[PDB]
S.K.: 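Quick one: this structure, given as structure tokens, is what I'll be asking you about.
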Amino acid sequence: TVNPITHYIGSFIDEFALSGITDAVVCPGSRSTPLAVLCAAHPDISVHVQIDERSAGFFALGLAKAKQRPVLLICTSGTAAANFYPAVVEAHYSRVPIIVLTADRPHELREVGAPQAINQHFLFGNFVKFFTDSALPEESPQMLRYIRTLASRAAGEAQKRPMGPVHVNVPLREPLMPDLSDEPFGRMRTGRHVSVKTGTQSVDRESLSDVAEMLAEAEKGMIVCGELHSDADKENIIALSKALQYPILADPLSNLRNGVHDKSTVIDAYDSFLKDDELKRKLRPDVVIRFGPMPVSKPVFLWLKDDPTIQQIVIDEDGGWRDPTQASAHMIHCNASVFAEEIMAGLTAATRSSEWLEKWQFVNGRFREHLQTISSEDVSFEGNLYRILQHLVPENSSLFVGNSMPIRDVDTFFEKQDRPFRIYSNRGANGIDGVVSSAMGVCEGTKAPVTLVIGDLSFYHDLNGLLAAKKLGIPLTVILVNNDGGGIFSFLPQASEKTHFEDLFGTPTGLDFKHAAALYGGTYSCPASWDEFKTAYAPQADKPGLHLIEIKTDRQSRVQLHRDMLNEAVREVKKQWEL
Amino acid sequence: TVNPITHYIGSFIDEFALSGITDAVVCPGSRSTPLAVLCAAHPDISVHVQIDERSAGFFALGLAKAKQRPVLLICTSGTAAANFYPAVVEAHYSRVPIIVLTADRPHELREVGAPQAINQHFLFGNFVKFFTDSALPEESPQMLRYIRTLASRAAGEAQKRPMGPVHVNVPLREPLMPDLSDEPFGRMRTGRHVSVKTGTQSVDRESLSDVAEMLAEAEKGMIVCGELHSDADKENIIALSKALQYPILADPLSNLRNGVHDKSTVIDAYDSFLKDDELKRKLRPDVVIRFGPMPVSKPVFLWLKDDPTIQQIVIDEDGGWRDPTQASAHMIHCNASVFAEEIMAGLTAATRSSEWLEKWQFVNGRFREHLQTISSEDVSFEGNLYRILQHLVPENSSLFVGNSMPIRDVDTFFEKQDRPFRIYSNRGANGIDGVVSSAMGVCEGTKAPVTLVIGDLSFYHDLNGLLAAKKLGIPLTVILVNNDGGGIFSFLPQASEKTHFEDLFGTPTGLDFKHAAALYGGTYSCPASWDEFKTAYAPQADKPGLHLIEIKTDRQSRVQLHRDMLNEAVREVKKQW
Amino acid sequence: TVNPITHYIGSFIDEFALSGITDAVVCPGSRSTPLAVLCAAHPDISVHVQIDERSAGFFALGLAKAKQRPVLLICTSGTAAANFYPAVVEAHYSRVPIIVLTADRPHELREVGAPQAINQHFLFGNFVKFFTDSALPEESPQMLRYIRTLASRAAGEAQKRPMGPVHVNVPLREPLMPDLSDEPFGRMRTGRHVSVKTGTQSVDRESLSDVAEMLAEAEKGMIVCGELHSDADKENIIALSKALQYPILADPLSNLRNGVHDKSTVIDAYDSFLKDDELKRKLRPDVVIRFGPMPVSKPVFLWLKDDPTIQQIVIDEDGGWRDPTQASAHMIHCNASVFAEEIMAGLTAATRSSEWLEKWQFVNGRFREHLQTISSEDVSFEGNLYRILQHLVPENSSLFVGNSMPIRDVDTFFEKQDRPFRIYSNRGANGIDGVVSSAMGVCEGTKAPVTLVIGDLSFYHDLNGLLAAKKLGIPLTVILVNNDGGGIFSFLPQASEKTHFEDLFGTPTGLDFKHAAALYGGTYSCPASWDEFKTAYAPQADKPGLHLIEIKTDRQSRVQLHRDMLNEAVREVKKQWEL
Ligand SMILES: Cc1ncc(C[n+]2csc(CCOP(=O)(O)OP(=O)(O)O)c2C)c(N)n1
Ligand SMILES: Cc1ncc(C[n+]2csc(CCOP(=O)(O)OP(=O)(O)O)c2C)c(N)n1
Ligand SMILES: Cc1ncc(C[n+]2csc(CCOP(=O)(O)OP(=O)(O)O)c2C)c(N)n1
Ligand SMILES: [Mn+2]
Ligand SMILES: [Mn+2]
Ligand SMILES: [Mn+2]
Ligand code: NA
Ligand code: NA
Ligand code: NA
């Protein structure tokens, strides 16, 4: 008897391959037997095996995040699928295309207390934009058309704007092993069963009129740019700002701070200097153009929120609604490059004055220049790491930035610079979970060196993710910023309420992470100065190697030091202004 | 200028305490500040701080599994809550009561791209029997009544049969820090705002007629008994099987293989000998009574499923539907003790024939007796562990058993004995996830020694759960069964196909676990013999102390040796006959 | 002191008006007080009061279908909202924008057995693309920004492609009456709080290459056009068929059969003649281009489904996936006009051969000519009503076509003609529910005459929808095709199993509908010939006026007369073809 799984799943897997899927992250199980095996057999899909399904999730995340096209993510029936939940959520908010396949029992064994079986229908709720429970396998030509169409449709839904996770629950009946000598991947058509052509979203010159006029009329504007992934969008946003002569508050994930592009318009110190009331009044713009999601900067958020008379224009091609201020005045569902090209074409020919832009460049330059006069030697002040690391991230490598303080410190401390490198971070939901695995995935995805900057609780959180270093031979340099607990919470007003603060917020572990390096076969460094940090820090991607570089820092004293440093620089700016 | 959070959340947490909540498992975060601070400040609730929310969830699972009453599980907004999903699923199917509180942002900050904010409504779907999005804090008498009522209700729901997880999403608005010096816990009533009294379920004399008739008139019955947690139900199920003279196929989770109760009726080798067609025909029963969920034994499942003419009577007080054979003939939603007694009170004085019982005892005695003559010295054969460890587990302690082969090996090799101890396992959904933390929770829950028997892939899966040892000073003995990979898959007929087997199923980590022991401050042992295993093995609960005992075994040769051993004790049974 | 509801809900309703809402369909209730009163008081919103929520829902459906922009749909707490489900489902599949607002009890009165309170959270599941449970009313400036933003957002989501229903559940605390003397609609800005600019989707020249290339090369192509709304799209689809010389199988809902456009390419008898295997064999195309949802024609479906080697190109601007054949070869997520212009731009100037097209025009013309010769005098044969009615539908009016046989008969017997009028049908889910109220709403919507052709079970189903005639003074001409039961089931192979058929499928009512006309103050006709019909039939929209025109037909003999009549025409075609 032919087993219907051979050609049904064969066709399913083959069609994903035809769709451009080149990678599959697979977690072991018996029930998922045919999905796994057939991904392995298929010559166009590379299989990455991961034991911990939570890490597996964030690994696929990182992979897909790197290439901006989907990867398969496969597990067996039971709590295995439930473990994907954190990564699916992050993928949903970050708009990362993932195709989740979960094996399931057939109907006669569901909802009746069979071993390892759970309700997998709509498991991920609305975090996935497409869900289906595939038909029990069948061999008819009509059902093979159905299964290939399902695969294409799933891949198509993942890549369709609001890119995100999709979910196919795959019930499978016993005899699970596909017959690999019976052309399981056999096709009827020459190429793709169905090719899916998704498109760009545009808003025309005319409906854009209100916005063009307010931009034509406002000398005082600023562009706020969060996470960016498109080169074209970056070139065009930069061009747009020169045409308007508006400064760009550039979030680190925007990657406008680091590159050979023109940066005269780029402002990198705003998170610090905008905490001052007086500089805010001075730099208050009449109009704001936002690109991408909200920047990391809390002071930019508070600024737009607490001053709603500032007219915000929000550009989001995907047509979502990302504006926690409730104060934005225009929500524009337009490709960033189309939007910028249209505005530029509508402006008059006269080069605008750069006076307004100069105020910003003045405040920014004077801020950074004063910071330079303040010592960065002390490795135990957490801030200094970033003041040093910015200059050392090798050209064309990736920097994966942990949540909690590291993404805030990168924002605070990274100045604009001429060397290309990519900053990545899990900013859809800001989890400290699966960060190691995301960085691992990014590495698989880019095939270039990756540095991961990460706090100790986060590191601990995804210790399991280090398995990929050896098991998959994935090179990674981890900069572990270890202040033994949750350093971010020291910034809360409630940090003085000391009877509970340490138990419930500081939460130290006391862990010696050199044992984690050994566990996962990585090398270990614990530099006591930047000279020896520089000697230790050498990311690479030519061969396997896990390098843990641990920096011990003092969370109990960092807040006052941090604030004195910045306040002192802000104070200097105000003095220069008065000259 | 009062913060409404002070008394609103104060009243919320205080009421949980009034309901009998004594433990809160708490994961750090900003938005959950009042939840965590108030649990900490309240004199009746012990706080257990966990960093890894996935671990935290299984830690709470184990705590509530040990006590059969709800604990609080708390986290802040975002992917934190999503990390509770695996434990919530297991609690759902194991029927473990847990009250999940997830901090959220307020409305003006939801669904709008705010930092760390996710859609938390109905987060766990129907794995939870009760969900609500609680009101934004307000301090009026009416809303304080509402909030106290919600806590009790949440508590009551988790304990209402099918016990299980419940979820309250708690949106909170800045000023987050409650004012501790302003009587946050103040009430209007002397005790509980609302006391919830749930009850036992009963089916009456009449409705049990057809069933009590068939049992009376059937000589050839067996009782299948999986996981049980009731002392009364255990006694009565035994009483019952004496009155009828039916054998009891005791799943390890029934715990009927290890206690002071009478065990003449208890059968423990069935999973092994029922693999033979001939012994099955000899011992084919007319009627089967089931208590608890499905036993671990696949052969018992396949028996009832492939011989549908065997009449099954399934007893389930919770009214669930656990029977993947699709062939049971009576589903009875009645308390196990009430059912047993009603069946017994309707039996005549006609002292029952025990030949049928004796056929079972014969087969069990002969199986065990022959196996005993087989050498157990080789530490590298996985089965031997359980053959030795059975006699070593301290009295009044707990053995937590990992999924995959360990629960199966416990089934195969644990014989009935008089030494009392409890066996636990995550058999709701058989995950290899969070097993270490569940054992950790059981230890906290019982304040008695705990031994965890776990395979290597599962141990790696919840390495992070070991943090509880130093951070919470919970003692634990871990017997790490390391065969470097997924040993269970070797039993599959598809293990023969070699090109992919190892990659996709074997999946070795090659991890050296001594480094893990160092990481979490545990003492390490790697005994080459049962003598040094004995010296190393010393579970205790008086002080902190993590002990990792690694047994290296060979999965490549394990199956063939396992089958020989067993097929030989079966052959020997068929001859003694 | 002040009631929060006054400015909270006031700001909510005012912002909907600022969004473009001009109509609110409202159902009475106590808990929905502020919603209904404030809509009533607002100068830009017309309130339409419907008692039966199910009718209300379909009425809102027709109103929004007519104008292609959203309306408010409002009811109190409880089963009232559950009665919107059928309309919401139809709006979802038909892609009709509706903003559904449901009043609710406050938290302290929910899930605790309070009178009339049900769980309204996610009431409509995923039939709505946006749902929220709004905050309890508050008066703070931040919450008035939140609620105005919510109104904009709800409106924006209903109009955002795949247009459809959205749901806001509105919990309200008692004292419910807003203070109308305290400027409930007061703004913080001049004009819209946020303006939402949706755009259009385009695929660029380059990713259209393969499809353009195959279309330039395929002589034998066909365009299949289902429900259309855009005038630009019609013009461009027609232009494209001439550039390519492809016939357009024009579904009645394309409205390509009844307008001033060039119809030289329009094929109208395909549903009939494509039932024949030999004509199918002769007219088989290599490529198919689909616009709009699937047509009504079952024969076209089965054709495309059973010959998967016919290469289909489906254009769907909204990004959905409408193809029940599982056989399509390309899904293009692109504006139809844009797609059309791109293909035309890539075509050479060379004369396109018209022989292929002439085969189709020949078949169609011969079919229709032979049908001309078959008499239509018999008012008891249902087909005839449509052969007569097509020339009688007043120019610039609407024909709303009931589901079941009417839509099929319209497809069968409406030929192309130069007279303009619009045909509407609820083809989203094909329900026989709410058709009257839909019609009523199309009349409110177009401010022009509406004719409704509907079968008797359907007409019975929404008898309540006729209240809108008296109560709301809406004129409607109802052509009631009464065959006493489910006429359509006679085409089933199972109409022979007489032992259960009449009981389960025929389902006669015996109802004398003149009582219904009387109940609702309508005038009644029962024409015995087409002459009496031509005399009674006079759709208008200047005054109130409900006209019920009943046609009694015989479903027992219909099928054979129908099939004989069409097969006769088909056979004439083949004869003619041989000459
Ligand atoms: C999965 C998850 N759980 C909890 C949180 C709440 N949270 C935000 S920051 C933080 C502490 C992070 O500590 P660490 O990684 O050491 O960085 P640090 O604060 O020391 O810079 C926590 C627990 C979260 N963001 N994600
Ligand atoms: C969370 C989860 N992922 C995957 C599975 C599928 N599964 C069942 S047993 C097993 C292998 C476990 O290996 P180990 O703990 O070493 O036990 P062994 O098979 O060697 O006895 C797997 C992957 C599961 N049950 N749960
Ligand atoms: C709400 C609903 N219920 C049932 C159906 C199934 N259905 C399709 S046609 C039909 C019969 C309708 O009869 P009628 O309106 O008299 O038109 P006729 O069939 O006589 O052409 C039914 C019940 C449906 N489409 N919608
Ligand atoms: Mn830290
Ligand atoms: Mn193992
Ligand atoms: Mn009818
Ligand atoms: Na492969
Ligand atoms: Na406490
Ligand atoms: Na009005």
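As the structure lists them, so they are numbered: ligands from 1, and atoms in each ligand from 1. Basis for what follows: all heavy atoms, side chains included, without hydrogens, waters or symmetry-related copies. Here is the naming used below: chain letters follow the sequence lines, and residue numbers restart at 1 for every chain.
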S.K.: Check contact between A:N483 and ligand 1, using heavy atoms of the residue and a distance below 4.0 angstrom.
M.R.: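 Yes, A:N483 has a heavy atom closer than 4.0 Å to ligand 1.
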S.K.: Verify, without hydrogens or angle tests, whether A:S458 (side chain) and A:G455 (backbone) share a donor-acceptor contact under 3.5 angstrom.
M.R.: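 Pair absent, no side-chain N/O of A:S458 close to backbone of A:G455.
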S.K.: Could you grab the distance from atom CE of B:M405 to atom CG of B:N403, nearest 0.5 Å is fine?
M.R.: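 So the gap between those two atoms works out to 11.5 Å.
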S.K.: So is A:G431 in contact with ligand 1, going by heavy-atom distances below 4.0 Å?
M.R.: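 Yes.
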S.K.: As a test of understanding, state which of B:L511, B:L548, B:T509 forms a side-chain contact (heavy atoms from CB on, under 4.5 Å) with B:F459.
M.R.: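 It is B:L548, the one option of B:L511, B:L548, B:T509 that forms the side-chain contact (heavy atoms from CB on, under 4.5 Å) with B:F459.
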S.K.: What residue and atom, counting heavy atoms only, is the protein's closest point to atom 26 (N) of ligand 2, and at what distance?
M.R.: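 Here the closest protein heavy atom is B:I432 N, 3.2 Å.
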S.K.: List every atom of ligand 2 that sits less than 4.0 Å from any heavy atom of A:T79, numbering the atoms from 1 in the order shown and giving each element.
M.R.: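 Once the distances to A:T79 are compared, the set is 1 (C).
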S.K.: Measuring only between side-chain heavy atoms, which start at C-beta, is B:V401 closer than 4.5 Å to B:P252?
M.R.: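 With C-beta onward as the side chain, the pair stays apart.
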S.K.: In terms of atom number and element, which parts of ligand 2 are under 4.0 angstrom from non-hydrogen atoms of A:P28?
M.R.: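 Heavy-atom distances to A:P28 below 4.0 Å select 4 (C), 6 (C), 23 (C).
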S.K.: Heavy-atom contact under 4.0 Å between A:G485 and ligand 1?
M.R.: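 Judged by the 4.0 Å heavy-atom criterion, A:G485 does count as contacting ligand 1.
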S.K.: Show the atoms of ligand 2 that are less than 4.0 angstrom away from any heavy atom in B:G487.
M.R.: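 That gives atoms 18 (P), 19 (O), 20 (O) of ligand 2.
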S.K.: Quick one: look up the protein heavy atom nearest atom 3 (N) of ligand 2 and list residue, atom name and how far away it is.
M.R.: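 Looking at atom 3 (N) of ligand 2, the protein heavy atom closest to it is A:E53 OE2, 2.7 Å.
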S.K.: Please list, in number order, the atoms of ligand 2 under 4.0 Å from a heavy atom of B:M405.
M.R.: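 The atoms of ligand 2 under 4.0 Å from a heavy atom of B:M405 are 21 (O).
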S.K.: Starting from atom 1 (C) of ligand 1, find the nearest protein heavy-atom neighbour and note its residue, name and distance.
M.R.: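 Result for atom 1 (C) of ligand 1: A:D433 OD1, 3.3 Å.
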S.K.: Answer whether the closest heavy-atom distance between the side chains of A:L385 and A:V481 falls below 4.5 Å.
M.R.: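 The answer is yes; the side chains approach within 4.5 Å.
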S.K.: At what distance, to the nearest 0.5 angstrom, does CD1 of B:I407 lie from OH of B:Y424?
M.R.: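 If I round to the nearest 0.5 Å, the distance is 13.0 Å.
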S.K.: Nearest protein heavy-atom contact for atom 12 (C) of ligand 2: which residue, which atom, what distance?
M.R.: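 Of the protein heavy atoms, B:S404 OG, 3.6 Å lies nearest.
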S.K.: What's the verdict on salt bridge (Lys or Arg N to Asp or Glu O under 4.0 Å) for A:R31 and A:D104, showing C-alpha distance, side-chain angles and the deciding distance?
M.R.: CA-CA 7 Å; A:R31 188 62 45 156; A:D104 199 357; over 6 Å; no
S.K.: Which atoms of ligand 2 are found less than 4.0 Å from any heavy atom of B:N430?
M.R.: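 Counting from 1, the qualifying ligand atoms are 25 (N).
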S.K.: Counting each atom of ligand 2 from 1 as listed, which ones have a heavy atom of B:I488 under 4.0 Å away?
M.R.: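 Taking each heavy atom of B:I488 in turn, ligand 2 has 9 (S), 18 (P), 19 (O) under 4.0 Å.
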S.K.: Within less than 4.0 angstrom of ligand 1, does A:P406 place any heavy atom?
M.R.: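 Distance cut 4.0 Å: A:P406 passes for ligand 1.
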S.K.: Show which atoms of ligand 1 fall inside a sub-4.0 Å distance from at least one heavy-atom site of A:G486.
M.R.: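 In order of numbering, the contacting atoms are 13 (O), 19 (O), 20 (O).
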S.K.: Has B:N483 got an N, O or S atom lying less than 2.8 Å from the Mn ion (ligand 5)?
M.R.: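 True for B:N483.
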S.K.: Suppose we measure from atom 13 (O) of ligand 2 to each protein heavy atom; which comes out shortest, and what is that distance?
M.R.: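 The answer is B:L457 CB, 3.3 Å.
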S.K.: Please work out the angle at the Mn ion (ligand 5) defined by atom OD1 of B:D456 on one side and atom O of B:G485 on the other, rounded to 10°.
M.R.: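 Vertex at the Mn ion (ligand 5): approximately 110°.
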S.K.: Are the side chains of A:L172 and A:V170 in touch, meaning some heavy atoms are under 4.5 Å apart?
M.R.: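 SC-SC contact between A:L172 and A:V170 confirmed.
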S.K.: So that I can tick it off, tell me whether A:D52 and B:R54 are bridged by a salt bridge, with the cut-off set at under 4.0 angstrom between side-chain N and carboxylate O.
M.R.: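 Answer for the salt bridge query: yes.
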S.K.: Do me a favour and list the nearest non-hydrogen protein atom to atom 15 (O) of ligand 2 with residue, atom name and distance?
M.R.: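 Nearest protein contact, heavy atoms only, for atom 15 (O) of ligand 2 is B:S458 N, 3.1 Å.
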S.K.: Is ligand 1 less than 4.0 angstrom away from at least one heavy atom of A:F489?
M.R.: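 So A:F489 counts as touching ligand 1.
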S.K.: Do A:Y93 and B:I118 make a side-chain contact, defined as non-hydrogen atoms from C-beta onward lying under 4.5 Å apart?
M.R.: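 Touching, per the 4.5 Å side-chain cut-off.
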S.K.: Any heavy atom of B:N403 closer to ligand 2 than 4.0 angstrom?
M.R.: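 For ligand 2, residue contact (heavy atoms, under 4.0 Å) with B:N403 is absent.
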S.K.: Considering only heavy atoms from C-beta outward, does the side chain of B:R408 approach that of B:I488 to under 4.5 Å?
M.R.: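 In short, these two side chains touch, coming nearer than 4.5 Å.
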S.K.: Do B:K552 and B:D456 sit within salt-bridge range, that is, some charged N less than 4.0 Å from a carboxylate O?
M.R.: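 Salt bridge between B:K552 and B:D456, a charged N being under 4.0 Å from a carboxylate O: no.
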S.K.: Determine whether A:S77 and A:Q120 make a side-chain contact, defined as any pair of heavy atoms from C-beta on separated by less than 4.5 Å.
M.R.: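 A:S77 reaches A:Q120 side chain to side chain.
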S.K.: Considering heavy atoms of the protein only, find what lies nearest to atom 8 (C) of ligand 2 and give residue, atom and distance to 0.1 Å.
M.R.: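 The closest heavy atom on the protein side is A:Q116 OE1, 3.9 Å.
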